[PDB]
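As a starting point, one isolated chain is supplied in structure tokens, in the form solved without its partner chain.
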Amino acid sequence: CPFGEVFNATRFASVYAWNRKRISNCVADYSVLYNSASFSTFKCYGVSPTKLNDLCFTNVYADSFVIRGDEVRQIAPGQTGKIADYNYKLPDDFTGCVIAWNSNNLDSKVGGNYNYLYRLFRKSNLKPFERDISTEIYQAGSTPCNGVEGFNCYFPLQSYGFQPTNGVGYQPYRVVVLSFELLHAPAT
């Protein structure tokens, strides 16, 4: 299976427009993942990390995005915060593994890298695995926005600023979420 084009991918997505790759019909080696010690987070939910290498599943999804170090805690079932609520939401019944690693050497530039964005405002919380890529003006009060920013009328996306001198909590982290589905289909 080709975990190497997701993990070791050159370019990563902003958290709000997160990428998804389907992994099916695939010889699945999970030892290589938990053998690499570059990863700073490797929490698994449902399945056991070593015991993962001998389970077979109906399909595998690999969601990939970039966030701030302070927010890697939010990529977990039961979390709240701007990321968990408005950008990428995990179901309470999640089965899979969250894998994150510091990417300050790739994703931060002197003067700043403002290409990665996150959603700041939304009228309600995401459903598990929902992907909101819209850019309508957020209308915070009763008066209407008419597609332009103004009083109580905010553009809903916001850039991270990634300079290499930032503290760890403000440094870019690349995340891969592996979703394992087990029933209601044959194994692969």
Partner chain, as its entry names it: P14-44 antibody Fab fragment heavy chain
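Numbering follows the first chain given and starts at 1. Rigid core (definition): largest C-alpha set, two forms, superposition within 1.5 Å. Residues that one form lacks are left out of the comparison.
Below, we turn to the form solved in complex with its partner chain, even though it does not appear here.
Open item on the list: Using a 4.5 Å heavy atom cutoff, which residues in 52-82 contact its partner chain in the deposited complex? It's fine if the answer is none.
Closed with: Sequence-ordered list: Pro77, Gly78, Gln79, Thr80.
TODO: Can you spot, among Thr143, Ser31, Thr135, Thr58, the one with a CA shift of 2 Å or more between the shown form and the other one after core superposition?
DONE: Comparing the C-alpha positions, the one residue that moves 2 Å or more is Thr143.
Task: Core-superposed comparison between the shown form and the other one, runs of at least 3 residues with CA shifts of 2 Å or more - done: Once the cores are aligned, run 141-143 is the only one whose C-alphas move by at least 2 Å.
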